[PDB]
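Trainee: Sequence, then the experimental structure. Questions to follow.
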Amino acid sequence: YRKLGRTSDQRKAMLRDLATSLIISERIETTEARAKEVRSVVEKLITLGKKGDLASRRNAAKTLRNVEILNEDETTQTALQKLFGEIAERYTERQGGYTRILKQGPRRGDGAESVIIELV
Amino acid sequence: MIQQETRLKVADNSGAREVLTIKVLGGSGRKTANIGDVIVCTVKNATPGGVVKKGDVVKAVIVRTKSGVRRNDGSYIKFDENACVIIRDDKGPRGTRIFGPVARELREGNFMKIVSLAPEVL
Amino acid sequence: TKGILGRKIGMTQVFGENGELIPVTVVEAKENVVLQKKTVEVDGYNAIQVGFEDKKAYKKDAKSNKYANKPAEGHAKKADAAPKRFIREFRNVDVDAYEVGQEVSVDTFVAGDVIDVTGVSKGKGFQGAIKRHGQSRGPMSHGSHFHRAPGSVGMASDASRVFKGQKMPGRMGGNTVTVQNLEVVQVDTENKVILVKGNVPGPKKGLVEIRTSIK
Amino acid sequence: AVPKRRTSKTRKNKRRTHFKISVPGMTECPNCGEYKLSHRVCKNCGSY
Amino acid sequence: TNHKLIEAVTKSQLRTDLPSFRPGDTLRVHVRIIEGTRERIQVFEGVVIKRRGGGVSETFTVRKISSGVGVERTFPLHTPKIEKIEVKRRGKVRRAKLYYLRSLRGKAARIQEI
RNA sequence: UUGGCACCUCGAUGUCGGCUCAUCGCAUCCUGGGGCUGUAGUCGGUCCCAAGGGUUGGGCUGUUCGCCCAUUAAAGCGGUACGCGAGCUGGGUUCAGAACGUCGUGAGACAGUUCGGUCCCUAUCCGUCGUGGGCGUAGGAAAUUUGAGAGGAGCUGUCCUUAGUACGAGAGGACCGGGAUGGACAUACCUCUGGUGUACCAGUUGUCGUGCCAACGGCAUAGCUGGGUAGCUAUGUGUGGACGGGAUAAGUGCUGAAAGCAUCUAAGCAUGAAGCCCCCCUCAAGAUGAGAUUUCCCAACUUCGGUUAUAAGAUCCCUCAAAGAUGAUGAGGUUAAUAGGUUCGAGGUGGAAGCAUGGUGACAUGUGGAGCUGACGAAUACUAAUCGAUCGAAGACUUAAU
Ligand SMILES: [Mg+2]
Ligand SMILES: [Mg+2]
Ligand SMILES: [Mg+2]
Ligand SMILES: [Mg+2]
Ligand SMILES: [Mg+2]
Ligand SMILES: [Mg+2]
Ligand SMILES: [Mg+2]
Ligand SMILES: [Mg+2]
Ligand SMILES: [Mg+2]
Ligand SMILES: [Mg+2]
Ligand SMILES: [Mg+2]
Ligand SMILES: [Mg+2]
Ligand SMILES: [Mg+2]
Ligand SMILES: [Mg+2]
Ligand SMILES: [Mg+2]
Ligand SMILES: [Mg+2]
Ligand SMILES: [Mg+2]
Ligand SMILES: [Mg+2]
Ligand SMILES: [Mg+2]
Ligand SMILES: [Mg+2]
Ligand SMILES: [Mg+2]
Ligand SMILES: [Mg+2]
């Protein structure tokens, strides 16, 4: 695995903050090497959603943050309920994958290769 | 692994109680020793009376190191302390009443006098 | 005599007779064929060449090495065979055996034979002087500013240069090395493996050349 | 630690013969637009 | 499943007749010694400290106090020089490696049963 | 070495010992081969050939040097700015403080003691260690090779037989040969013994938080503690150097004259060292002298001035690691298992959550070798390695065989 230029405690925190906002917004834009690493983290988290029992509900809460979504029709759900509620429905037949990575050009301030990672 | 200036316990009734190594003899450049090797040492602590007295320079044979020996069948043996028996340079002991267990590997060192005097050989 | 090619698999142990334990390297030596017989009349020295592991046939838009190309196809057709990945030569064998196109099977060795094994080493990258050579390092306290550097590199002004062969840092790396006087302990025909006593140079799934001992 | 002589104009110019830069990949956007970079996504001025 | 060719080769050299045990159990190991002329058998009794490894290269370790001196002894599991192993008493521990017994003495280095 | 001379260096050639790293000589410490002996044997003395390799750990001193303790086959002498401070220390000494003795009316001094006292520099060129690009090698490519030359390696003990024989009054005690096993050193590797193992498992303290219990998270060196996969590793596991051929050194000889003898030499023929050359391992055709074998491919325009499109084959670009500073190398690019995921395993940890039961309670038992699991193995196209672009030959003359 990669180190991403951070310390062990910072890398873990940056990687689960990044995985949460991919559940909220379903496609985000970041660098190349960071998207290669959050690829495997978020798909192990949909596997927990497809099981659906209590013990894996407890295990996914190790990783996700506490974020409220202002859902449509003025409803509100947490990020954990949205994982076991909607994403677990769409991928009940597929056996892996669930994400893709699309490359773009460099940014201006760096030569950093931008990347869109989306949820499929 | 027994270097120079390691303390050992003496495991007979020859009078000595603790000793420390001067040379690991053998060849030039020799560094360590194990069960069945012969070292030269000085007594640092003695029992009143007895044959050897404190400050003598003697020769001795290693029994039961802490990091033990590998055998040909892939078996191991290990002990809790280092021990030692002062010899007369015939490969015969000074005392008469070897204490504790003694490793098998000094059978082929022609130390049969030491093996016979001892308790359990494992 | 008795050359064969194979690749490393791993390392295990085997209990010999009377309970003796011996460490063992397992080498898979599969589908070796004789591919060209060389002659002192045509080439100036007698040898055979052997191809080890077959690969896929010619394709129009190959972009890698697992498909043979047209020079390799015609060379591996003149002996009626499939194209191979590794090709070496053995000039210790007797050339009056080995018709071209034979399969040198794994049981040309019998348990008890002494052999020599050749491969390339692991490879370590850019390494410094106390790792690459066996150099002593400086003191770690008492005010020293000298820990892992090399020492002096020459004299003063007689020889105002550095001699060559001076043991500076650089690439530690993997180069060819042979080990001598090993043994074959057990030959398996169905799985086509050889067990050798000891350890051989190279990483896993490497490439080793086994031939008989010259001494 | 310091240079003993200046460096002439020839020796400076022989040194930077490899100090160059390369042309990029340059595929095309086949649907609609100008050239994009290879294995990238023709977002702007592009439909691929 | 380490590697398919490795278990295929070393399968035949692997014993079958051994009982089951986990660390903390008390074992009697009948080991046989080739003397100068004979094949005399000797028993070594102790407490299993650890088991490690897999396959043919399995290994365990038993610990005994002989003459006030602790003695460790370490065997390959599938060796042919062990004749027989008896499980003398089951133990009740909570570690997989019992290294804390090395620095105990007296009756403090005791293990419950079952 | 102590000195004599005062030729370079005063617009600076900047330091004694120790550390690290070496290289050369031989007037040879050990090992090898011989002669003489006041050499019985075992041991020794002295001289000759010989520089391949090897040539120790500590106590006291700033110390060089030297003494001593224990070992060793041996503990050699010298050169290289009394080898090496733009590679290291800074104990010593030519700095400022202070004190003793002595000298001096005194300020001060000794060269006599003692305590303390700041070691700068981002490597341009040559040079060395490693790695790449360009061109060339009378067509262009892929692969396997020869080996002119070069480098490395080169050590040694103890025990058992021969034999308690030879020798000797006895005490003592062999050569020549034949076996086994070690020390130091060098290389490869992680099955074993062990180390580490910051995205593995478990226990535990304080405080804040997820509305509360219960279960979890953050911070406290990774909070601490006990274990630990892959990989990297030694103190661990394998292997290596005491062989063989040729020419020689000191030396021993055969035949043999000059000189009717004798004479190892003048002509001729042998033998003879771990040293020389081969034998062993590694690199090696930029070996411009550019080598060899096998296989693949072959165009028109044309003012052949060059243009165009190209073959075999490569590359750009992307997924990677058995490889790696970068680059190169190697595995792969949908006619696909390269990576990720999913499923199943190995190994590691050691009995999850929830529920039930017993107990005043701390807690215990069952469901259940449970659950979790990074790097390891196999299967599976679910995701991504798309479409594309670039480079790339068209076999010169002379002569002789045919
Ligand atoms: Mg922290
Ligand atoms: Mg050191
Ligand atoms: Mg320029
Ligand atoms: Mg002078
Ligand atoms: Mg002058
Ligand atoms: Mg003058
Ligand atoms: Mg000047
Ligand atoms: Mg001489
Ligand atoms: Mg002291
Ligand atoms: Mg000097
Ligand atoms: Mg200097
Ligand atoms: Mg003063
Ligand atoms: Mg006065
Ligand atoms: Mg002070
Ligand atoms: Mg002081
Ligand atoms: Mg001073
Ligand atoms: Mg392993
Ligand atoms: Mg609260
Ligand atoms: Mg609570
Ligand atoms: Mg906080
Ligand atoms: Mg820990
Ligand atoms: Mg792999």
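Mentor: Thanks, I have it. Residues are numbered from 1 along each chain as shown, chains lettered A, B, ... in the order given. Ligands and ions are numbered 1, 2, ... in the order given.
Trainee: For chain E, what is the nearest residue in chain C?
Mentor: residue C:19 (4.2 Å; CB to the nearest CB). For every residue, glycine as well, the C-beta is placed using N, CA and C.
Trainee: ok, now which ones touch the spatially closest residue to that residue that is not a sequence neighbour?
Mentor: Once flanking residues are discounted, residue C:19 sits nearest to residue E:81: 4.2 Å by CB to CB, 6 or more residues apart in numbering or on different chains. By CB atoms under 8 Å, 6 or more residues apart in numbering or on different chains, the contact set of residue E:81 is B:73, B:75, C:19, E:31-32.
Trainee: switch to 10 Å and redo it
Mentor: Counting by CB atoms under 10 Å, 6 or more residues apart in numbering or on different chains, residue E:81 touches B:71, B:73-75, C:15, C:18-21, E:31-34, E:75.
Trainee: So is the helix or strand encompassing residue C:12 next to chain B?
Mentor: Taking DSSP states H and E as the definition, residue C:12 sits inside strand C:4-15. Yes: Strand C:4-15 is in contact with chain B by CB under 10 Å from any CB of the partner chain, via C:13, C:15.
Trainee: right, is that strand up against RNA strand F?
Mentor: Yes: shown here: strand C:4-15 in contact with RNA strand F (CB under 7 Å from any atom of the strand) through C:10-13.
Trainee: Save these as TSV, and put in neighbour count too.
Mentor: Output for the residues of strand C:4-15 next to RNA strand F, formatted as TSV (neighbours: other CB atoms under 10 Å in any protein chain shown):
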residue	neighbour count
C:10	14
C:11	15
C:12	20
C:13	17
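Trainee: which of the residues you listed lies closest to chain D?
Mentor: residue C:10 (37.9 Å).
Trainee: Check chain B for the residue nearest RNA strand F and tell me.
Mentor: Going by CB to the nearest atom of the strand, RNA strand F is nearest to residue B:27 of chain B, at 3.0 Å.
Trainee: count of neighbours near that residue?
Mentor: Residues lying near residue B:27 (other CB atoms under 10 Å in any protein chain shown) number 6.
Trainee: contacting residues around residue D:11?
Mentor: Residue D:11 makes contacts with residue D:5, as judged by CB under 10 Å, 6+ apart.
Trainee: what ranges do the strands span in the chain?
Mentor: Chain wasn't specified; assuming chain A. Assigned strands in chain A, in chain order: A:27-31, A:68-70, A:76-78, A:99-106, A:113-119 (criterion: DSSP state E).
Trainee: should've been chain D
Mentor: Using DSSP E, the strands of chain D run over residues D:27-28, D:35-36.
Trainee: looking at those strands, which is buried most?
Mentor: For the strands of chain D, the largest average neighbour count (mean count of other CB atoms under 10 Å in any protein chain shown) is found in strand D:35-36, namely a mean of 18.
Trainee: Mind listing the strands that strand pairs with, and their directions?
Mentor: strand D:27-28 (antiparallel) (DSSP bridges).
Trainee: Let me know whether the strand it pairs with sits next to RNA strand F.
Mentor: Yes: if you take CB under 7 Å from any atom of the strand as the test, strand D:27-28 does meet RNA strand F, through D:27-28.
Trainee: same question, stretch C:179-191
Mentor: Yes: applying CB under 7 Å from any atom of the strand, one finds stretch C:179-191 touching RNA strand F at C:179-182.
Trainee: Name the member of those with the most neighbours.
Mentor: Ranked by neighbour count under the definition other CB under 10 Å, the residues of stretch C:179-191 next to RNA strand F are headed by residue C:182 with 19 neighbours.
Trainee: is it fair to say that residue lies in a helix?
Mentor: No: applying DSSP: H, G, I helix; E, B strand; the rest coil, one finds residue C:182 to be strand, outside a helix.
Trainee: Please tell me I have it right and it contacts residue C:211.
Mentor: No: the pair residue C:182 / residue C:211 is not scored as a contact, 11.2 Å apart, by CB atoms under 10 Å.
Trainee: between the two, what contacts are shared?
Mentor: In contact with both residue C:182 and residue C:211: C:115-117, using CB under 10 Å, 6+ apart.
Trainee: Out of those residues, flag the one nearest to residue A:35.
Mentor: residue C:117 (45.2 Å; CB to CB).
Trainee: any idea how far the residue nearest to residue C:19 is from residue C:178?
Mentor: Taking CB to CB, to the nearest Å as the measure, residue E:81 falls 35 Å from residue C:178.
Trainee: do the same with residue C:81
Mentor: Taking CB to CB, one finds residue C:81 at 28 Å from residue C:178.
Trainee: roughly how far apart are the nearest residue to residue D:48 once chain neighbours are set aside and residue C:58?
Mentor: What sits nearest to residue D:48 in space, not counting adjacent residues and going by CB to CB, 6+ apart, is residue D:42, at 4.0 Å. Residue D:42 sits 36 Å away from residue C:58, going by CB to CB.
Trainee: more neighbours, those two?
Mentor: Between residue D:42 and residue C:58, counted using other CB under 10 Å, the more crowded position is residue D:42 (19 against 13).
Trainee: surely the more buried one meets residue A:103?
Mentor: No: Residue D:42 lies out of contact with residue A:103 (CB under 10 Å); the separation is 11.5 Å.
Trainee: Given whichever strand or helix holds residue C:23, what are its sheet partners and their directions?
Mentor: Taking DSSP H and E as the definition, residue C:23 sits inside strand C:21-28. Strand pairing for strand C:21-28, determined by DSSP bridges: strand C:4-15 (antiparallel), strand C:193-197 (antiparallel).
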